[PDB]
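Have a look at the structure below, then the notes.
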Amino acid sequence: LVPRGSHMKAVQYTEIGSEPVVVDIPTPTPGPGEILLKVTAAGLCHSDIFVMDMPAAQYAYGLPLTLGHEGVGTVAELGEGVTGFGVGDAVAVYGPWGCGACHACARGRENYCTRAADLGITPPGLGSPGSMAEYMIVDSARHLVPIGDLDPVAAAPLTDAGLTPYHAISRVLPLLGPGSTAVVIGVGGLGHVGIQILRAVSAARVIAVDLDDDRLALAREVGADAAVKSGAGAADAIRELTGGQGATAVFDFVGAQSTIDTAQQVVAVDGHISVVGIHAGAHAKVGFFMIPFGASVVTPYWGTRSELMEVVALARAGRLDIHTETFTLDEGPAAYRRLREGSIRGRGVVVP
Amino acid sequence: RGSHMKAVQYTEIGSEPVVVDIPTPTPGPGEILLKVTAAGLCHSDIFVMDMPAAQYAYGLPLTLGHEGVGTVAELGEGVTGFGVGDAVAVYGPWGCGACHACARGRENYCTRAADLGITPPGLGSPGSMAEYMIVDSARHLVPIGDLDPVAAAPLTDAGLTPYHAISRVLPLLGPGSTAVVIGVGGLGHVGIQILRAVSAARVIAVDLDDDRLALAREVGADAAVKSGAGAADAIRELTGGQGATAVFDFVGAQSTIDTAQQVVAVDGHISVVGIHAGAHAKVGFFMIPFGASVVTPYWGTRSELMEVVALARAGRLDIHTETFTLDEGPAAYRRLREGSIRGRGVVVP
Amino acid sequence: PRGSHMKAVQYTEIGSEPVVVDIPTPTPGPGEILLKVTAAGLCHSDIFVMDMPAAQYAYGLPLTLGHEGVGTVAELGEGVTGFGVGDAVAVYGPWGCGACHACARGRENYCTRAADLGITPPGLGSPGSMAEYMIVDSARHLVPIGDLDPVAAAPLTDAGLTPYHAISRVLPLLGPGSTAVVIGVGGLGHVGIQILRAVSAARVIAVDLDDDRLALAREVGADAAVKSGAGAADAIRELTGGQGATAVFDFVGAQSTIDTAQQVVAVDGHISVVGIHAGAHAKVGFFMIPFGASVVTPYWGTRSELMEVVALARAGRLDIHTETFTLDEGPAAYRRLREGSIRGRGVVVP
Amino acid sequence: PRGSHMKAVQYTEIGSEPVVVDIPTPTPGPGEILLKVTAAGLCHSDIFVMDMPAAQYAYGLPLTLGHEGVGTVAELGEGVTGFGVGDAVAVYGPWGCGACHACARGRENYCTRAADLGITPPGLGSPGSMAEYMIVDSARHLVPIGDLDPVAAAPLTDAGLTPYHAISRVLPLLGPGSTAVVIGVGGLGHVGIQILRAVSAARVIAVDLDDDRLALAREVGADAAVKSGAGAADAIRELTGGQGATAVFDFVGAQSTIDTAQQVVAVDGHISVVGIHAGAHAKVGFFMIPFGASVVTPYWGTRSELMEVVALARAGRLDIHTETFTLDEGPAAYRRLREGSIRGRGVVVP
Ligand SMILES: NC(=O)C1=CN(Cc2ccc(CO)cc2)C=CC1
Ligand SMILES: NC(=O)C1=CN(Cc2ccc(CO)cc2)C=CC1
Ligand SMILES: NC(=O)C1=CN(Cc2ccc(CO)cc2)C=CC1
Ligand SMILES: [Zn+2]
Ligand SMILES: [Zn+2]
Ligand SMILES: [Zn+2]
Ligand SMILES: [Zn+2]
Ligand SMILES: [Zn+2]
Ligand SMILES: [Zn+2]
Ligand SMILES: [Zn+2]
Ligand SMILES: [Zn+2]
């Protein structure tokens, strides 16, 4: 698609319960401190679905909403006083914006900003204009990470399919020494990247759990030491491979009550369960004799800027091979339909 | 406001700081202009001002003061998250904001800051010892609210710097550990209070001056020791001859560093905090216990600065301050030289 | 220096969408004027003609769209005086022969020879204004707009002129104590409500489906607002104490709406069917419409009226909302129009 | 070559879809060269052959697909000198006998003996490039690419070469002041424009179906762009002062486009029919086409041509939009190929 003036194509969620639609909205202009990006790739994500399935009550993200919370692009116009990027610069968009000033933000951890709810700072494509348009605004230089000559299509999923699993893993990386076992439940958009991250940054043994045969082989293709079929037999299968020793960490990318249950029955004493996937209602039960002593559970949120940099560094060293399928802006809504039915293999990416 | 303002500047190499009149700055996009409420002095200012002409490229004239507190006076274009009137402490060690270190909150260790020419206020950029001051970014301001400006000033250095040193190794300082603090004047005095507040470690003070030792007692040091060749053996006796987990040397002379190496425990840590040009630890087999790490730490982090204020706000830190006026700036530096300042000096415009 | 060719938004094939295409920059023959287009409005009419089926097509293609044109004088043809280069002019849409009785009376839009001679308007038969340059046939089709913003002027050549002429036809009836009912507070109706407040002292009643438009109507001078549909007739009658309405300006033109009109018009009143819905018509017969109630489908407006619309605008008395598009985005603007998500009138700026 | 088995995509049964397979790794005979495939492009032509029916089937499957092949030399067959193991080479597609008069003139694509000798192109009868490794028959059929990205080079072997040949056939006619009409700005047409810009001073006019396609034409160096359809002949002539275009490269190849072409082509000009549509053909007779305007259906490209295409590429003068797939997504890509849901050219990277 060619740049053609004062408006741009965007993929907007317009009405609750409706499908998203392509619209020609005005191209924004960066205020002072803001940056305008020419979007070069915008990732689709299952999360996008969840948000679009909230009822009139639940949903508090305001309409219309340009979707797309995984976004990379080139610098188009710098707002007033923004130095430290030049027009043409390829950047990835750091997703979970924060106040930049509370204790958490001051330590890098914006994803856990203690203020961004109050101040109404929301991420692009999840409350602020997202990346699935020809252009987007980013509030602050602080939320741009350089990516150099990385391919945008492969870069885009890094902002979430890379960052989110990286963070979860990172939370307990000291535990994942040689000898340790990491269980990755689900080999979807996130699972298949988590596996690679586990290999690149740790020496843990990785055991993948999914339903389809071709998923298990995908798991093997990307570095999973072993692969087992998810379901009521998955716990025993894992205990089998672990010699009954139980796994150091379980990263549940699926996040169903099924999988969380498995995770609780395989997790090692003094291990960790990280519930990364959203299924409304699904929850671990952490109480004496319902989970091993010392086994900590958490639901992590996205990742940190230093993480996002670290993820880009992995990709730029050829350590991450994200599986993509390219779409057009126009194909935007059609891509969503593809996602609901779970036929997109790997991660879908829109390319203006 | 006004067209110009007073400022304590270092104008030529090897001269005294003089109060001169210079344009009142105006904040560009991204900047904040503060009405300064407190500007601190320390020996660091004296150090920089004793660099010879020979070692000199650029810098002059310089507005001094890297220990700055003020209130927001005007917001540059775009700047949000502060309102005019806000009481703020200036974070000293500025960084690029975008490298790995800066993204982790460790701007004191910004790897791009040399090459980009980002110098701290009063050490390369305009300092806090003037009527007004520019801060480059909102992210260099830390709220203090209620806290008295004059108490806040020294925290930005005298507080931050020991805090960071101790923070690097605080995991080691659990119940039963021993911290040695060499030099209990400026940074060490705050150092003991920090150690008392964030740790259960046994604190041993070491100094040359006898009454300094007694005062160090008052702020929570568990034993006193007199610097010198006796110091090592005395400390060992106090630690039942098992060595000290951590030695924070705030003097930083060869003598003290030598003491440090002779008292540090196996797998311990030595923080060389005080600068004496040339002086250094000798880290190598059979010259320091196995596993005993040594570092020259630099200033502190934003997180840390916040934690410092929090400590102060809760009444856990107390530095004695002596107040000067902005005109008395040069007169204050003079007093610092002859060591006739009890506690830290603070200029109040 | 203009270049041999220029971009133009054109309807190239029946059922297709508008495309930005390259075509020769024209030069003015004797009597013609060339304008550098400064603004060009779209409206639903563009959509209507674009929806004519193949069955019906005979000639016309390709067609540079845009009957709502504003420009500045670029080059004058041989023999043309009365306009200088640089002059900002709006283009009079419904071109006529100039020599029949209706033309001579200053009612070109009702020219009796225009069809026989194949005099078609720009954007609907002749090259329209949705290009970098455009040709106007006579100086008599240019109307000075002074320093009025071209973007503000563009919609007036239709959204302004059309409801003006429809109201003008029956303006003497609309003295103090009269009631005008405006059906359709979309494009034309929004401007029409403004016209009624400026040129008359009638009481204006807005009628529309969408409540958001009903509020918008009030802010522009609507004395009262009623929701379209079966309830509307009774509801209007309520607001007039049963006495009907002097004049009903139907901007929608739907059978249902014309039907409401016939039930609410006063005796010796008037109904102006201004919107087009193929086949929708009034039924003017005994006991099926009040005595003396006259019905008409007006067509656009006269040059005199257009000057008057400009003067209203320049005096601050007409405030139509515009969203600007660039020439390259022409088709973009048409799809927004087609899915009806343009607040007010869209205007294209070469 | 390590690994006795390798992955590949193949056409295994008539009318059915290509499927992923595990076949033995080939070993280069005397005079053959074995490549490790760095990139294997797709194109519509692959569909065309898979679409031919059962009835019109004689002798030639399973078939490793892929006629756009790039690789590094893995192992050198007996006596083969001229390349080092590790050398990045593109596979020239139209294999010829190498000994007929055409072949001795560089023009191997028009070899008069290759059909009589069943010499078929790689992936169109011979083992294709779409696998981990492939066999090339002769060093004559490798062209070095140096440090050019394989993903970029692969399309060049067809989307580059084919237009390039077409254009070259008549390049002496494309002097300053000539006009070249490119019909269709899809894969080939896009690259055709950029070639015309590098190698000639001809003025280029693009014709296409879609508003985006026309803007893209303009972006890649078209001086003008008009919409295909009944109107497209006159559209062009308007741009050319009614003079007609010296050359017309129809990359679409519909009867309608060839018809357009016959109406725009200049006297003593040329029409190059470069796209396949079963049945579509020019009508070269008196009064059906200007005197001296020649027509041809060119076939692919010559070896020295591929080399020149690579030189353009290496000097940043040839842009080609690529989308990467994996060997397993091969069949997936071929589906997307059918729905014309792929921008530019698809490339498979093992
Ligand atoms: N931290 C996580 O598990 C997820 C982070 N995101 C962005 C997002 C943010 C908020 C929601 C609603 O929960 C969902 C998705 C992407 C994958 C899962
Ligand atoms: N150990 C440290 O980093 C300290 C921080 N400062 C500011 C500073 C830093 C560096 C210099 C160089 O002379 C001076 C002054 C004050 C005491 C020591
Ligand atoms: N006009 C040409 O020469 C073409 C060359 N190719 C390869 C090809 C094409 C068609 C066939 C017959 O189906 C065979 C091989 C790609 C595009 C056009
Ligand atoms: Zn996502
Ligand atoms: Zn925050
Ligand atoms: Zn200091
Ligand atoms: Zn930095
Ligand atoms: Zn109109
Ligand atoms: Zn007439
Ligand atoms: Zn091909
Ligand atoms: Zn031959």
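Just so we're on the same page: first chain in the structure tokens is A, next is B, and so on; residues restart at 1 for each chain, and ligands are numbered from 1 in the order they show up.
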Next on the checklist: Please list as a ChimeraX atom specification every residue within 6 Å of stretch 146-162 of chain B, counting only C-alpha atoms and excluding residues in the same chain fewer than 5 positions away.
Outcome noted: /B:38,40,67-69,187,191,299-300,305
Checklist entry - Least-squares superposition of chain D on chain C, every Cα paired in order: what RMSD, in Å? => result 0.6 Å
Item to check | Close residues, stretch 197-202 of chain A itself excluded, 7 Å, only C-alpha atoms, min 3 positions apart in chain, as a ChimeraX atom specification | outcome: /A:166,176-177,193-194,223,319
Please produce a file of the residues just selected, as a PDB file, in the first residue's frame, where the atoms kept are C-alpha atoms.
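What follows is the written file part-v9.pdb:
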ATOM      1  CA  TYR A 166      10.593 -13.896  27.770  1.00  0.00           C
ATOM      2  CA  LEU A 176      16.625 -22.990  35.273  1.00  0.00           C
ATOM      3  CA  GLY A 177      20.187 -24.310  35.671  1.00  0.00           C
ATOM      4  CA  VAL A 193       8.664 -18.761  20.953  1.00  0.00           C
ATOM      5  CA  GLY A 194       8.985 -19.591  24.676  1.00  0.00           C
ATOM      6  CA  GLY A 223      14.280 -27.094  20.201  1.00  0.00           C
ATOM      7  CA  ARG A 319      18.246 -17.230  17.920  1.00  0.00           C
TER       8      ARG A 319
END
Checklist entry - Within 9 Å of stretch 229-244 of chain A, counting only C-alpha atoms, which residues qualify if same-chain residues fewer than 3 places away don't, as a list in words? => result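 Once the adjacent positions are removed, what remains is residues 181, 183, 185, 186, 207, 208, 209, 210, 211, 212, 213, 216, 226, 247, 258, 259, 262, 263, 264, 265 and 266 of chain A.
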Could you build a table of the residues in chain A lying no more than 12 Å from chain B, giving for each the nearest pair of atoms and their separation in Å rounded to one decimal place, using only C-alpha atoms, ordered by chain and ascending residue number, as JSON lines?
{"residue": "A:30", "atom": "CA", "partner": "B:78", "partner_atom": "CA", "distance": 10.8}
{"residue": "A:31", "atom": "CA", "partner": "B:78", "partner_atom": "CA", "distance": 7.5}
{"residue": "A:32", "atom": "CA", "partner": "B:78", "partner_atom": "CA", "distance": 5.0}
{"residue": "A:33", "atom": "CA", "partner": "B:78", "partner_atom": "CA", "distance": 6.0}
{"residue": "A:34", "atom": "CA", "partner": "B:78", "partner_atom": "CA", "distance": 8.7}
{"residue": "A:79", "atom": "CA", "partner": "B:78", "partner_atom": "CA", "distance": 9.6}
{"residue": "A:80", "atom": "CA", "partner": "B:29", "partner_atom": "CA", "distance": 6.4}
{"residue": "A:81", "atom": "CA", "partner": "B:29", "partner_atom": "CA", "distance": 5.0}
{"residue": "A:82", "atom": "CA", "partner": "B:30", "partner_atom": "CA", "distance": 8.0}
{"residue": "A:83", "atom": "CA", "partner": "B:30", "partner_atom": "CA", "distance": 10.1}
{"residue": "A:84", "atom": "CA", "partner": "B:98", "partner_atom": "CA", "distance": 8.5}
{"residue": "A:85", "atom": "CA", "partner": "B:98", "partner_atom": "CA", "distance": 10.2}
{"residue": "A:94", "atom": "CA", "partner": "B:103", "partner_atom": "CA", "distance": 11.8}
{"residue": "A:98", "atom": "CA", "partner": "B:81", "partner_atom": "CA", "distance": 11.4}
{"residue": "A:99", "atom": "CA", "partner": "B:81", "partner_atom": "CA", "distance": 7.8}
{"residue": "A:100", "atom": "CA", "partner": "B:139", "partner_atom": "CA", "distance": 7.2}
{"residue": "A:101", "atom": "CA", "partner": "B:139", "partner_atom": "CA", "distance": 6.4}
{"residue": "A:102", "atom": "CA", "partner": "B:303", "partner_atom": "CA", "distance": 8.8}
{"residue": "A:103", "atom": "CA", "partner": "B:303", "partner_atom": "CA", "distance": 6.0}
{"residue": "A:104", "atom": "CA", "partner": "B:303", "partner_atom": "CA", "distance": 8.1}
{"residue": "A:105", "atom": "CA", "partner": "B:105", "partner_atom": "CA", "distance": 8.3}
{"residue": "A:106", "atom": "CA", "partner": "B:303", "partner_atom": "CA", "distance": 5.5}
{"residue": "A:107", "atom": "CA", "partner": "B:105", "partner_atom": "CA", "distance": 4.5}
{"residue": "A:108", "atom": "CA", "partner": "B:104", "partner_atom": "CA", "distance": 4.5}
{"residue": "A:109", "atom": "CA", "partner": "B:104", "partner_atom": "CA", "distance": 8.0}
{"residue": "A:110", "atom": "CA", "partner": "B:103", "partner_atom": "CA", "distance": 10.0}
{"residue": "A:115", "atom": "CA", "partner": "B:81", "partner_atom": "CA", "distance": 11.0}
{"residue": "A:116", "atom": "CA", "partner": "B:81", "partner_atom": "CA", "distance": 11.6}
{"residue": "A:119", "atom": "CA", "partner": "B:81", "partner_atom": "CA", "distance": 9.5}
{"residue": "A:121", "atom": "CA", "partner": "B:81", "partner_atom": "CA", "distance": 11.9}
{"residue": "A:139", "atom": "CA", "partner": "B:78", "partner_atom": "CA", "distance": 10.3}
{"residue": "A:140", "atom": "CA", "partner": "B:78", "partner_atom": "CA", "distance": 10.2}
{"residue": "A:141", "atom": "CA", "partner": "B:98", "partner_atom": "CA", "distance": 8.3}
{"residue": "A:142", "atom": "CA", "partner": "B:98", "partner_atom": "CA", "distance": 6.7}
{"residue": "A:143", "atom": "CA", "partner": "B:98", "partner_atom": "CA", "distance": 9.2}
{"residue": "A:144", "atom": "CA", "partner": "B:98", "partner_atom": "CA", "distance": 8.6}
{"residue": "A:145", "atom": "CA", "partner": "B:98", "partner_atom": "CA", "distance": 8.0}
{"residue": "A:146", "atom": "CA", "partner": "B:98", "partner_atom": "CA", "distance": 9.5}
{"residue": "A:304", "atom": "CA", "partner": "B:103", "partner_atom": "CA", "distance": 8.5}
{"residue": "A:305", "atom": "CA", "partner": "B:103", "partner_atom": "CA", "distance": 6.1}
{"residue": "A:306", "atom": "CA", "partner": "B:103", "partner_atom": "CA", "distance": 5.4}
{"residue": "A:307", "atom": "CA", "partner": "B:103", "partner_atom": "CA", "distance": 9.1}
{"residue": "A:308", "atom": "CA", "partner": "B:103", "partner_atom": "CA", "distance": 10.0}
{"residue": "A:309", "atom": "CA", "partner": "B:100", "partner_atom": "CA", "distance": 7.4}
{"residue": "A:310", "atom": "CA", "partner": "B:100", "partner_atom": "CA", "distance": 8.5}
{"residue": "A:311", "atom": "CA", "partner": "B:100", "partner_atom": "CA", "distance": 12.0}
{"residue": "A:312", "atom": "CA", "partner": "B:100", "partner_atom": "CA", "distance": 11.9}
{"residue": "A:313", "atom": "CA", "partner": "B:100", "partner_atom": "CA", "distance": 11.0}
Go ahead and write the residues just picked, C-alpha atoms, as a short mmCIF file (atom, residue, chain, number, x, y, z; two decimals), in the first residue's frame.
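Result file follows (out-v5.cif):
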data_model
loop_
_atom_site.label_atom_id
_atom_site.label_comp_id
_atom_site.auth_asym_id
_atom_site.auth_seq_id
_atom_site.Cartn_x
_atom_site.Cartn_y
_atom_site.Cartn_z
CA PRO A 30 2.79 13.99 16.85
CA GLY A 31 2.41 16.58 19.60
CA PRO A 32 5.53 17.56 21.57
CA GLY A 33 7.51 14.52 22.84
CA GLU A 34 5.43 12.13 20.62
CA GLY A 79 7.29 15.74 17.57
CA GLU A 80 8.70 18.84 19.24
CA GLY A 81 11.99 18.35 21.06
CA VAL A 82 12.26 14.60 20.46
CA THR A 83 15.92 13.87 19.86
CA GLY A 84 17.60 10.51 19.99
CA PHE A 85 15.81 9.08 16.98
CA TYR A 94 7.08 -1.12 23.58
CA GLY A 98 3.54 3.49 32.14
CA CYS A 99 3.79 6.78 33.99
CA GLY A 100 7.59 6.59 33.70
CA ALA A 101 7.95 8.00 37.24
CA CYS A 102 6.73 5.60 40.00
CA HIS A 103 9.04 3.17 41.80
CA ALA A 104 8.25 0.36 39.30
CA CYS A 105 8.81 2.49 36.18
CA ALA A 106 12.07 3.77 37.68
CA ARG A 107 13.43 0.21 37.76
CA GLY A 108 12.57 -0.62 34.13
CA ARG A 109 9.35 -2.47 35.05
CA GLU A 110 6.71 -0.33 33.30
CA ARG A 115 -0.10 4.49 38.42
CA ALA A 116 -1.08 3.77 34.82
CA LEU A 119 -3.70 8.20 35.10
CA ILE A 121 -2.35 5.34 30.36
CA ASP A 139 3.65 8.84 23.32
CA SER A 140 7.38 8.97 24.17
CA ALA A 141 10.85 8.03 22.83
CA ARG A 142 11.08 5.80 25.91
CA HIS A 143 8.70 3.42 24.16
CA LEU A 144 10.76 2.93 21.03
CA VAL A 145 13.37 0.18 20.78
CA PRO A 146 15.70 0.09 17.70
CA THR A 304 9.96 -4.73 30.61
CA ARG A 305 11.82 -2.43 28.18
CA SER A 306 15.17 -4.05 28.95
CA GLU A 307 13.48 -7.37 28.23
CA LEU A 308 12.18 -6.09 24.90
CA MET A 309 15.72 -4.99 24.01
CA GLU A 310 17.04 -8.40 25.10
CA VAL A 311 14.45 -10.09 22.87
CA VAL A 312 15.43 -7.98 19.88
CA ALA A 313 19.03 -8.94 20.59
#
Residues of chain D were defined as contacting chain C if any atom lay at most 10 Å from it, counting only C-alpha atoms; please report them as a PDB file with C-alpha atoms, in the first residue's frame.
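Result file is result20.pdb:
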ATOM      1  CA  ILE D 205       2.302   4.464 -19.116  1.00  0.00           C
ATOM      2  CA  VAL D 207      -2.673   0.297 -17.324  1.00  0.00           C
ATOM      3  CA  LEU D 209      -7.611  -2.681 -12.841  1.00  0.00           C
ATOM      4  CA  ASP D 210      -7.177  -1.277  -9.311  1.00  0.00           C
ATOM      5  CA  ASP D 211      -6.638   2.153  -7.709  1.00  0.00           C
ATOM      6  CA  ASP D 212      -3.760   0.850  -5.547  1.00  0.00           C
ATOM      7  CA  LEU D 214      -2.103   2.480 -10.422  1.00  0.00           C
ATOM      8  CA  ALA D 215      -0.528   4.414  -7.549  1.00  0.00           C
ATOM      9  CA  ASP D 223       4.975   8.628 -15.855  1.00  0.00           C
ATOM     10  CA  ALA D 224       1.216   7.968 -16.095  1.00  0.00           C
ATOM     11  CA  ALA D 225      -1.340   5.309 -15.188  1.00  0.00           C
ATOM     12  CA  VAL D 226      -4.880   4.671 -16.439  1.00  0.00           C
ATOM     13  CA  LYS D 227      -7.538   2.072 -15.701  1.00  0.00           C
ATOM     14  CA  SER D 228      -7.901  -1.006 -17.887  1.00  0.00           C
ATOM     15  CA  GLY D 229     -11.271  -1.642 -19.500  1.00  0.00           C
ATOM     16  CA  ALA D 230     -13.125  -0.583 -22.632  1.00  0.00           C
ATOM     17  CA  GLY D 231     -11.914   2.999 -22.080  1.00  0.00           C
ATOM     18  CA  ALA D 232      -8.205   2.266 -21.682  1.00  0.00           C
ATOM     19  CA  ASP D 234      -8.568   6.181 -25.580  1.00  0.00           C
ATOM     20  CA  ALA D 235      -7.212   6.966 -22.096  1.00  0.00           C
ATOM     21  CA  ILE D 236      -3.701   6.203 -23.376  1.00  0.00           C
ATOM     22  CA  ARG D 237      -4.104   8.037 -26.717  1.00  0.00           C
ATOM     23  CA  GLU D 238      -5.198  11.108 -24.739  1.00  0.00           C
ATOM     24  CA  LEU D 239      -1.851  10.952 -22.930  1.00  0.00           C
ATOM     25  CA  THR D 240       0.085  10.432 -26.190  1.00  0.00           C
ATOM     26  CA  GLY D 241      -1.458  13.329 -28.188  1.00  0.00           C
TER      27      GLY D 241
END
Let me see if you get this right: every residue at most 9 Å from ligand 11, counting only C-alpha atoms and all ligand atoms, written as a CSV table (one decimal) with N, CA, C and O atoms, in the first residue's frame.
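Output (selection-v8.csv):
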chain,number,residue,atom,x,y,z
D,95,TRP,N,16.3,-24.8,-19.7
D,95,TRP,CA,17.4,-25.7,-20.2
D,95,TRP,C,17.3,-26.0,-21.6
D,95,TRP,O,16.2,-26.5,-22.0
D,96,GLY,N,18.3,-25.9,-22.4
D,96,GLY,CA,18.4,-26.3,-23.8
D,96,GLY,C,19.5,-27.3,-24.1
D,96,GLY,O,20.3,-27.6,-23.2
D,97,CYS,N,19.6,-27.7,-25.4
D,97,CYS,CA,20.4,-28.8,-25.7
D,97,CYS,C,21.9,-28.3,-25.8
D,97,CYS,O,22.8,-29.1,-25.6
D,98,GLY,N,22.1,-27.0,-26.0
D,98,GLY,CA,23.4,-26.4,-25.9
D,98,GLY,C,24.2,-26.6,-27.2
D,98,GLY,O,25.3,-26.1,-27.3
D,99,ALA,N,23.6,-27.2,-28.2
D,99,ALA,CA,24.4,-27.6,-29.5
D,99,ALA,C,23.6,-27.1,-30.7
D,99,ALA,O,24.3,-27.1,-31.8
D,100,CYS,N,22.3,-26.8,-30.7
D,100,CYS,CA,21.6,-26.3,-31.8
D,100,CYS,C,22.0,-24.8,-32.1
D,100,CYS,O,22.6,-24.2,-31.2
D,101,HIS,N,21.7,-24.3,-33.3
D,101,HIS,CA,22.1,-23.0,-33.6
D,101,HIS,C,21.6,-21.9,-32.6
D,101,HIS,O,22.4,-21.0,-32.3
D,102,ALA,N,20.4,-22.0,-32.1
D,102,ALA,CA,19.8,-21.1,-31.2
D,102,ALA,C,20.7,-21.2,-29.9
D,102,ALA,O,21.0,-20.1,-29.3
D,103,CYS,N,21.1,-22.4,-29.5
D,103,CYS,CA,21.7,-22.5,-28.2
D,103,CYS,C,23.1,-21.9,-28.3
D,103,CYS,O,23.7,-21.5,-27.3
D,104,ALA,N,23.7,-21.8,-29.5
D,104,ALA,CA,25.1,-21.4,-29.7
D,104,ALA,C,25.2,-19.9,-29.7
D,104,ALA,O,26.3,-19.3,-29.9
D,107,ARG,N,20.7,-18.0,-26.9
D,107,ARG,CA,19.2,-18.1,-27.0
D,107,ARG,C,18.7,-19.5,-26.6
D,107,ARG,O,17.8,-20.0,-27.3
D,108,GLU,N,19.1,-20.0,-25.5
D,108,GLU,CA,18.8,-21.4,-25.1
D,108,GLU,C,17.4,-21.6,-24.9
D,108,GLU,O,16.8,-22.7,-24.8
D,109,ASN,N,16.7,-20.5,-24.7
D,109,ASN,CA,15.3,-20.5,-24.3
D,109,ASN,C,14.4,-20.9,-25.5
D,109,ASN,O,13.3,-21.3,-25.4
D,110,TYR,N,15.0,-20.7,-26.7
D,110,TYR,CA,14.4,-21.0,-28.0
D,110,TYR,C,15.1,-22.1,-28.7
D,110,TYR,O,15.1,-22.1,-30.0
D,111,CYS,N,15.7,-23.0,-27.9
D,111,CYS,CA,16.3,-24.2,-28.4
D,111,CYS,C,15.4,-25.1,-29.3
D,111,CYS,O,14.2,-25.3,-28.8
D,112,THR,N,15.8,-25.5,-30.4
D,112,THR,CA,14.9,-26.2,-31.4
D,112,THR,C,14.9,-27.7,-31.1
D,112,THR,O,14.1,-28.4,-31.8
D,113,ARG,N,15.7,-28.2,-30.2
D,113,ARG,CA,15.9,-29.6,-30.0
D,113,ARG,C,15.4,-30.1,-28.7
D,113,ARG,O,15.2,-31.3,-28.5
D,114,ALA,N,15.2,-29.2,-27.7
D,114,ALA,CA,14.9,-29.6,-26.3
D,114,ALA,C,13.6,-30.4,-26.1
D,114,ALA,O,13.5,-31.2,-25.2
